[PDB]
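Visitor: Can you read through this structure? Questions will come right after.
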Amino acid sequence: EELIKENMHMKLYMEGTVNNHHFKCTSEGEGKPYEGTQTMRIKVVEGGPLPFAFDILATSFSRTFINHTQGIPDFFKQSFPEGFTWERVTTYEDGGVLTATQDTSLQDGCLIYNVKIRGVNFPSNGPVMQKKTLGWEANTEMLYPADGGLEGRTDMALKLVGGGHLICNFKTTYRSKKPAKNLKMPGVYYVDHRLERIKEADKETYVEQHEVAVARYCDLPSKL
Amino acid sequence: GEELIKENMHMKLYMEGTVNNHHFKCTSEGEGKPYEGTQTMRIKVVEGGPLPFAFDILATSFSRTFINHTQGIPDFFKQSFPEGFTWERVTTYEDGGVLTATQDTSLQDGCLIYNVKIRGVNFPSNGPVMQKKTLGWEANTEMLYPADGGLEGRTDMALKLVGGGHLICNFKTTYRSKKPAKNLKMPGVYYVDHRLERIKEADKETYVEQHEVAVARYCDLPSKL
Amino acid sequence: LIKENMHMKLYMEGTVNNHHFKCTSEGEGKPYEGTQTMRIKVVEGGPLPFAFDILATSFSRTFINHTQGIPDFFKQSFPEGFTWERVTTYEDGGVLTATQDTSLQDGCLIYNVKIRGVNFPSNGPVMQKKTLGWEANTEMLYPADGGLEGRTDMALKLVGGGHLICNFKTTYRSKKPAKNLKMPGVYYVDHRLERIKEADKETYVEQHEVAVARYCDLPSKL
Amino acid sequence: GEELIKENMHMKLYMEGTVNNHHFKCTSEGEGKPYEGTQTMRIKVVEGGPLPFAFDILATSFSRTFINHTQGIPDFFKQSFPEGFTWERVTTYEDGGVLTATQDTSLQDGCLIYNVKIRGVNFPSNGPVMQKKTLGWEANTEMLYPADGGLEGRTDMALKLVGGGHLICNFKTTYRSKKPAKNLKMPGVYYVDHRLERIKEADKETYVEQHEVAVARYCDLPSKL
């Protein structure tokens with residue numbers, strides 16, 4: 001946890017399939033873990049240009065960079081040096097389903113991400129396959145302890161050309177490679193996220209993304 | 001329209017429905033401060049009590065006029081008067097239970113009148129809802145966005161269980177105004193932070209008092225665009 | 001108790017999205033041959049602003065031909081009768097729940113059904129009335145919790161070709177105690193539900209169903 | 001197209017992926033009678049064995065060329081050769097497990113070659129899959145229908161459980177031919193009856209032999225139209 005500095009660098013490898021299209025990506029970036037901000041510069045290195053909106057891959061590119069406010073125990077930062085994993089299913093309301101699994105490790109002071117993606121049943125005439133998307137709205141995730149890890153739930157809204165949205169729901173399981181005796185678990189909490197596309201080029205084979213993420217309790221008054 | 005909604009408002013409600021195959025009716029009366037986003041409801045199970053399922057699965061079906069819209073967010077619900085509005089929802093529990101609910105909201109002699117219809121099916125007969133192992137809801141954030149001249153809402157809610165766990169459910173809501181579109185200023189995407197709390201119960205949950213605070217906001221995180 | 005010929009009467013009420021409605025019907029069929037006809041009237045809320053097809057499956061489990069000696073949970077439930085509850089999820093977001101009570105009063109089968117559908121998209125084929133009835137389907141039934149559960153996918157034909165798929169999950173509960181019921185194991189019902197006649201923007205509808213229960217007759221290595 | 005698929009065919013397969021963060025690899029070989037709908041596959045877990053999860057969840061990912069198409073139903077799979085075809089699938093278990101799979105089917109020197117990738121998530125640790133308390137699959141009927149120059153399939157499958165009862169799952173499949181649509185005669189709606197059986201196993205499911213029979217038909221029920 002004192003392994004995680006005020007500025008940290010990251011590198012990533014990603015591969016998988018969406019429908020029948022194979023691809024690979026790599027990225028590099030940096031952020032301030034305690035401030036909850038980060039930047040990633042991404043290259044589609046195989047299978048580009050993608051025949052699907054890049055927005056569906058956006059959330060798969062970094063949990064160490066969440067500002068855990070209010071003394072909330074930090075499952076992610078606490079996991080180092082052992083590191084951690086995550087597994088997710090994202091279900092779009094028009095049929096697309098994307099699962100993703102991820103390994104996070106720390107090697108010579110650099111965070112190293114290895115991601116796998118498997119997307120299926122995206123409608124060939126819907127807005128993902130037809131590239132009619134304009135990035136994600138901000139969202140709140142709820143995290144709660146479950147099976148010795150953390151589970152997360154959120155709904156995210158994918159902006160469409162013309163002003164509408166396509167909604168998706170995701171369910172994540174976060175697992176620490178640190179033995180449970182050395183981790184103090186949080187209770188229920190919330191993470192507010194704003195994931196933004198900063199730059200793109202060459203039919204989204206180059207993308208720059210930024211994320212700000214701040215964890216908190218619910219601050220509403222309680223009658224109890 | 002907004003002028004019809006005063007600083008202090010009373011409510012009256014009728015509910016009937018089924019869960020699994022158990023029929024029930026409820027009645028309630030309450031009061032709140034619509035602009036401050038707080039309300040209290042005192043609820044009676046008048047038929048089919050004691051219910052064989054956790055009253056918690058009905059708790060979110062008992063009041064959208066009572067949201068504090070911060071930051072100038074246009075208020076779809078308050079703007080709807082005097083015509084009023086309706087809502088429809090499906091709540092899906094991760095162990096199989098599915099609860100649909102439809103609701104009519106009207107203003108009648110300065111009283112808010114709720115008529116609610118519930119149909120819940122396929123709760124597991126040996127799960128925590130049917131065996132009454134629940135302890136109320138965690139706080140939650142709902143996302144609301146415009147769709148089809150109305151609003152839709154999405155949230156995930158966590159139902160606390162005896163022993164420390166949670167059972168998660170997801171709900172998808174459509175809110176429809178009875179006011180003609182040309183007379184509504186529509187909001188964009190926004191968020192509502194909610195805390196629904198049970199304050200009293202008696203007689204195997206045939207008498208229940210609930211309180212809700214709801215506060216609407218934009219996302220306050222800084223943006224790079 | 002359940003004779004070779006049987007008549008039926010039904011009341012239905014409910015809501016889809018925000019549209020309230022009521023229907024009634026009568027028909028007859030042959031419970032042992034798995035066939036039945038129902039003539040159906042929309043008596044309040046007509047004409048419906050949604051495709052009647054979404055209601056078709058809610059209008060009769062006593063009329064399934066249970067072959068090969070499969071213990072027939074439905075027919076054994078008399079005179080006490082039985083209920084069912086269902087959720088149908090459409091792949092474009094419509095969700096319809098339905099609960100039903102089936103009783104036998106003075107030789108006639110009596111049905112009381114309640115419908116609540118939500119979230120049907122206003123541009124989709126259901127709310128546009130651009131559907132052309134159901135394909136045939138096979139339902140899987142299996143014992144669970146002292147009742148039976150059913151699983152099927154159904155394909156709703158669309159004006160202009162293609163289909164909209166839905167999935168349903170059904171729970172069938174007997175009003176007769178467990179100890180006076182022989183339970184089946186896993187089995188399958190083949191169904192063909194067709195519309196014979198409509199009139200007056202679907203406010204009158206005639207429907208026929210044939211339903212036959214069977215085991216799987218593929219050969220087994222075990 | 002169909003001329004390349006003989007009365008007897010051989011298959012080889014490679015599989016890899018992950019279920020709840022356990023990585024694994026499998027190989028298989030086998031043979032069958034494509035036009036009679038029968039086939040046998042002998043499978044080795046070559047990396048990650050013994051698996052911490054019921055092998056039953058992988059069984060449906062190990063061969064669409066082996067469907068007996070009765071009644072003149074145009075056979076999308078056999079017509080796709082020599083180019084071959086792919087499939088993609090999501091299987092949703094009623095206790096939360098989700099398994100996505102994608103497959104490449106090709107024909108090389110008269111051998112069918114299968115390349116399969118598997119990604120399973122959220123299988124509950126005290127459920128039957130992760131506790132390895134399953135006893136194979138019931139028979140099932142799949143519905144197939146054309147959609148967008150492809151074929152989609154829908155089915156519910158019942159997984160037999162140690163102690164009696166079943167865990168139910170649903171799957172949604174998309175089959176895509178590599179052959180241009182120009183050269184394919186598409187079927188309409190039809191049905192496939194399946195019976196997938198475990199014939200033998202050894203060494204804690206690191207060796208498994210499976211058989212499948214699959215027969216396509218229309219519905220034989222009389223029609224009133």
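Since every read-out is calculated from the coordinates, none of them should be taken as a lab result. Cβ atoms come from the backbone with ideal geometry, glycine included; neighbour counts cover every protein chain shown.
Visitor: Let me confirm something: among A:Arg118, A:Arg153, which residue is basic (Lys, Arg) and within 14 Å of chain B (Cβ to nearest Cβ)?
Guide: A:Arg153
Visitor: Looking only at the range D:52-68, which residues are among the small types (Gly, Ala, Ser) and in a helix (DSSP H, G or I)?
Guide: D:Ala59, D:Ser61
Visitor: Next question. Tell me the residue from B:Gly17, B:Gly32, B:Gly96, B:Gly1 that is over 25 Å from B:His166 (Cα atoms) and either part of a loop (DSSP other than H, G, I, E, B) or out of contact with any strand residue (DSSP E or B) (no Cβ under 6 Å at 6 or more places or on another chain) (or both), please.
Guide: Unique residue meeting the criteria: B:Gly1.
Visitor: Those residues that are part of a loop (DSSP other than H, G, I, E, B) and farther than 26 Å from A:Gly109 by Cα, I need them from the range A:15-70; list them, please.
Guide: Of everything in the range A:15-70, those that are part of a loop (DSSP other than H, G, I, E, B) and farther than 26 Å from A:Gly109 by Cα turn out to be A:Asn19, A:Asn20, A:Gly47, A:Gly48, A:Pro49, A:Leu50, A:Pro51, A:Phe52, A:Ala53, A:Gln70.
Visitor: To continue, here is another question. Please tell me if B:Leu144 is within 14 Å of chain A (Cβ to nearest Cβ), crowded, with 18+ Cβ neighbours inside 10 Å and among the aliphatic types (A, V, I, L, M).
Guide: So B:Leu144 fits the description; yes.
Visitor: Anything in the range A:1-36 that is away from chain D (no Cβ under 14 Å), under 30 Å from D:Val116 (Cα atoms) and buried (at least 21 other Cβ atoms within 10 Å of the Cβ)? List them, or say none.
Guide: Result: A:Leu12, A:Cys25, A:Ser27.
Visitor: Among the residues of the range A:161-171, is there at least one that is β-branched (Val, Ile, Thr), more than 9 Å from chain B (Cβ to nearest Cβ) and either touching a strand residue (DSSP E or B) at 6+ places or on another chain (Cβ under 7 Å) or not in a loop (DSSP other than H, G, I, E, B) (or both)?
Guide: Yes, the range A:161-171 contains at least one residue that is β-branched (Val, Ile, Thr), more than 9 Å from chain B (Cβ to nearest Cβ) and either touching a strand residue (DSSP E or B) at 6+ places or on another chain (Cβ under 7 Å) or not in a loop (DSSP other than H, G, I, E, B) (or both).
Visitor: Another one. Do any residues in the range B:79-95 that are away from every other protein chain (no Cβ under 12 Å) have Cβ atoms under 8 Å from those of residues that are among the acidic types (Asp, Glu), where the two are at least six apart or on different chains, and which pairs are they?
Guide: B:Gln79/B:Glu2; B:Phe81/B:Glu2
Visitor: Let me ask something else. It is to be established whether one or more residues within the range C:75-98 are outside any strand (DSSP E or B), hydrophobic (A, V, I, L, M, F, W, C) and more than 10 Å from chain B (Cβ to nearest Cβ).
Guide: Within the range C:75-98, one or more residues are outside any strand (DSSP E or B), hydrophobic (A, V, I, L, M, F, W, C) and more than 10 Å from chain B (Cβ to nearest Cβ).
Visitor: Can you tell me which of B:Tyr191, B:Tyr218, B:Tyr175 is buried (at least 17 other Cβ atoms within 10 Å of the Cβ), hydroxyl-bearing (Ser, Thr, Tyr) and within 14 Å of chain A (Cβ to nearest Cβ)?
Guide: None of the others qualify; the one that does is B:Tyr191.
Visitor: Identify, please: which residue in the range A:161-207 is farther than 19 Å from A:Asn67 by Cα and in contact with a helix residue (DSSP H, G or I) (Cβ under 7 Å, 6 or more places away or on another chain) and is, among those, surrounded by the most Cβ atoms within 10 Å (Cβ to Cβ)?
Guide: Residue satisfying both the conditions and the ranking: A:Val207.
Visitor: Name the residue, out of A:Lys184, A:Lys199, that is over 28 Å from B:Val192 (Cα atoms), assigned to a strand (DSSP E or B), more than 8 Å from every other protein chain (Cβ to nearest Cβ) and of a type in the set (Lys, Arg).
Guide: A:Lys199
Visitor: Consider B:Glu212 carefully, then state whether it is within 13 Å of chain A (Cβ to nearest Cβ) and within 12 Å of the chain's Cα centre (by Cα).
Guide: Yes: the conditions hold for B:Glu212.
Visitor: Does B:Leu99 qualify as being under 18 Å from C:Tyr90 (Cα atoms) and more than 8 Å from chain C (Cβ to nearest Cβ)?
Guide: It is true that B:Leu99 is under 18 Å from C:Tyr90 (Cα atoms) and more than 8 Å from chain C (Cβ to nearest Cβ).
One line per residue, one yes/no per condition, for (1) among the charged types (D, E, K, R); (2) crowded, with 20+ Cβ neighbours inside 10 Å:
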{"site": "C:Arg116", "(1), (2)": "yes, yes"}
{"site": "C:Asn123", "(1), (2)": "no, no"}
{"site": "C:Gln128", "(1), (2)": "no, no"}
{"site": "C:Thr138", "(1), (2)": "no, yes"}
{"site": "C:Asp145", "(1), (2)": "yes, no"}
{"site": "C:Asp153", "(1), (2)": "yes, yes"}
{"site": "C:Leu156", "(1), (2)": "no, yes"}
{"site": "C:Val159", "(1), (2)": "no, no"}
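Here is a yes/no grid of residues against (1) at the interface with chain C (Cβ under 9 Å from one of its Cβ atoms); (2) among the β-branched types (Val, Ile, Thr):
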residue	(1), (2)
D:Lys117	no, no
D:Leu135	no, no
D:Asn140	yes, no
D:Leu167	no, no
D:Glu197	yes, no
D:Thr206	no, yes
